[PDB]
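Chemist: part one of the complex, untouched from its place in the assembly:
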Amino acid sequence: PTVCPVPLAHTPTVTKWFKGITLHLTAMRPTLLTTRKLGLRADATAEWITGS
C-alpha cells in the first residue's frame, strides 16, 4: 500500500431551479457522477461522463 496522485475535475456550476438543480459538467476523460437522496429512499444514480 502506498499513495498515488489522482486528478481533480473542473468544479461544476449549479443553476438551482425549484425543487431541483442542474449541474454543468466539464470532462475530457470519463469521470464518475453519483447522487443520492437523504430520506427513506435514496434513488441513487451513477454515470461516467465525457464532454461538457
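Modeler: Perfect, thanks for sending it. Numbering: from 1, shown residues only, chains lettered A, B, ... in the order given.

Chemist: could you measure from residue A:35 over to residue A:44?
Modeler: According to Cβ to Cβ, to the nearest Å, residue A:35 stands 7 Å off from residue A:44. C-beta: built from backbone N, CA, C; applies to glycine.

Chemist: more crowded one of those two?
Modeler: residue A:35 (12 against 9; other Cβ atoms under 10 Å).

Chemist: which residues are in contact with stretch A:35-52?
Modeler: Outside stretch A:35-52, the residues that touch it by Cβ atoms under 8 Å, 6 or more residues apart in numbering are A:24, A:25, A:26, A:27, A:28, A:29, A:30, A:31, A:32, A:33, A:34.

Chemist: possible to save the residues you listed as CSV with distance to residue A:14, secondary structure and neighbour count?
Modeler: Supplementary listing: those in CSV, determined by distance: Cβ to Cβ, whole Å; DSSP: H, G, I helix; E, B strand; the rest coil; neighbours: other Cβ atoms under 10 Å:
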residue, distance to residue A:14, secondary structure, neighbour count
A:24, 8, strand, 10
A:25, 11, coil, 16
A:26, 13, coil, 13
A:27, 16, strand, 16
A:28, 21, strand, 11
A:29, 22, strand, 10
A:30, 21, strand, 10
A:31, 17, strand, 16
A:32, 18, strand, 10
A:33, 13, strand, 14
A:34, 16, strand, 8
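
Chemist: hmm, which two among those residues are most spread apart?
Modeler: Within those, A:28 and A:34 form the most distant pair, 19.5 Å apart (Cβ to Cβ).

Chemist: quick check: phi and psi at residue A:45.
Modeler: phi -130, psi 160 (degrees, to the nearest 10).

Chemist: one more chain, chain B:
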Amino acid sequence: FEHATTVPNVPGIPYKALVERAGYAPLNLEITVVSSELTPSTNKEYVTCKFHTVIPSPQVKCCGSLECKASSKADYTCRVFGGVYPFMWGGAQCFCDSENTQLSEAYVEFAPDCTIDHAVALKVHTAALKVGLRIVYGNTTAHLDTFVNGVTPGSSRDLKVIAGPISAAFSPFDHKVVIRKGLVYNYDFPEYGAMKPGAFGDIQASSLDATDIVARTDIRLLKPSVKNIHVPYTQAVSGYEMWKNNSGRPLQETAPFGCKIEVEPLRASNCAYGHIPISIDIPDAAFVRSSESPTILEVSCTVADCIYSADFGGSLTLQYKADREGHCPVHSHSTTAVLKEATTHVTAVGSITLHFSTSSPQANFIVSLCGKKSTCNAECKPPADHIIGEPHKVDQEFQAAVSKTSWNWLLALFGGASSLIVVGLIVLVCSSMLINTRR
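Modeler: If we add chain B to the chains shown above, we get the following:
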C-alpha cells in the same frame, strides 16, 4: 432534576428546551447530536479471491499402471491416461511404446496477491445505535456517549442521561454483506461449502493462510493429443473476477438517510432518522431560585421581516423592563419556530433582537424572557432562494403550514355551508311545528 424530551436524530441540529421547575428560575438546556454510529453484529463466513490453478509435474509410469488417490486439496482432480509415449528435449522418456500410463493432477490455491485483493463474506445481525451528545445547561457544557436502548445510563459526569428506544428500526445492511478493500456490498453469497463454479464464493477458506480450502471450479482433465509431455485441462472462469466485473454500486453510494459507511468495524455513521427520547437528571447546583434571577415586569414582541427558510430567516425585538441586571434565558414555545440565541443580558430598560427559523407562513409563536411570555404576530413570505446548503431546523406541521388568510377563507366557506344547512333545518322544524301549533 428529571426532564423527559424527545430529540430528532439529526446530527448538527441543536435542540433547545426550557426546564421550568415550580420554585426555581427557568433553565436553558441544549441537546445536540454530534455523531452517531450504527454498528451491527458480524460473523465471518469465509474469504474469497482469485484462485491460482496449480498443475504439478506429471507422473509417468513406463511399463505399468497408476491409480488416482484422494486428497484434501481444494477442487482436487486426477485422471489416468494409458497408451502414452511422452517426449522431452532429450527424446523419448519411456522404453515401452505403449502401456505407459500418465497421471494428471490439478487443484487450486490463493494467488500470491490475494493478501490485498480479497473479499470477506459476513452475516450481520441486530444493529445497535450509539450517539455522541453535547449538552449545555446554563453555564456548563458536557460531552458524552450513550447507547440508544432505554436502559444504559449514558456516560454523564455530574449528570445522568438515558436515551432510547429509537423510534424506528433501520439498518442499511442486508443479512449478508461482503467487504472488498474498504467497500461494502449487500450481496447474497453462497454458504460455506456451497460453492458454484463461475460465481462469487467459488473458493472458500476461513483465513488466507488457512491450510484447508474448499473449492469447486469445474476442472476437466483432457487426454494429451501431442507427443511432448503436457497436461491439458479446461476450467471455468474465476467467480471473484466475474463479481468484480458485476459488483454494482457500493453501499457508500446507496445507503438511505445519508449514512456514511465505514469498515473496521462495519458501521454506518451520521445517519438522520427517527426521534430519540432522552431523560436527563440535572444536578441541583445548576438551578438558581427566582429570588436571584431578574424579574422583568413587561415584555412585548415585534417581528421584523421573516421568511420560512432552512436558515434563520426571521428576526424580532423584545422590549422589556427589568428591576435590575442579570443573565436571563430566552425560548420559543412552538414546535415550528426555533431561536438562535438561548440566553441574554437584560438591564433596567432596553431591547434585544433575536433571530429565528420557522417553517410556517405565519409567525404566531410565544417567546419567554426571564420566564415571562409575550406573543409574536406577523406573516412570513416564501423564500426567494430555491436551494441552500443547510438542513431545515424545524419540522412541517399541517396546522402551521397553512396561512391564516387561507384558513380564514376555508373556514368562511365551510361555515357558510354549515350555517345554510342549519338555517334550512331550523326552518324545516319551525315551519313544521307551526302545523302542530295551528291545529
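
Chemist: re-run the earlier check on the contacts of stretch A:35-52 with chain B in the model.
Modeler: Here stretch A:35-52 makes contact (Cβ atoms under 8 Å, 6 or more residues apart in numbering or on different chains) with A:24-34, B:249, B:253-258, B:272.

Chemist: in contact with the residue nearest the centre of chain A, which residues?
Modeler: Centroid-nearest residue in chain A, with Cα atoms, centre = their mean: residue A:33, separated by 3.1 Å. Residues in contact with residue A:33, defined by Cβ under 8 Å, 6+ apart, are A:23, A:25, A:45, A:46, A:47, A:48, A:49.

Chemist: restricted to strands, list these.
Modeler: Among the contacts of residue A:33, DSSP state E puts A:23, A:45, A:46, A:47, A:48, A:49 in strands.

Chemist: and of those, the nearest to chain B?
Modeler: residue A:46 (5.5 Å; Cβ to the nearest Cβ).

Chemist: ok so, going back, okay, and the beta partners of the residue nearest to the centre of chain A?
Modeler: residue A:47 (DSSP bridges).

Chemist: and residue B:232, what does it touch?
Modeler: Residue B:232 neighbours (Cβ under 8 Å, 6+ apart): B:221, B:222, B:223, B:224, B:225.

Chemist: most neighbours of all those residues, which one?
Modeler: The residue in those with the most neighbours, by other Cβ atoms under 10 Å in any protein chain shown, is residue B:221 (20 neighbours).

Chemist: out of everything not next to it in sequence, what's closest to it?
Modeler: residue B:79 (4.2 Å; Cβ to Cβ, 6 or more residues apart in numbering or on different chains).

Chemist: let's verify that neighbour: helix, strand, or coil?
Modeler: Using DSSP: H, G, I helix; E, B strand; the rest coil, the structure places residue B:79 in strand.

Chemist: that one: neighbour count?
Modeler: Count around residue B:79 with other Cβ under 10 Å applied: 16.
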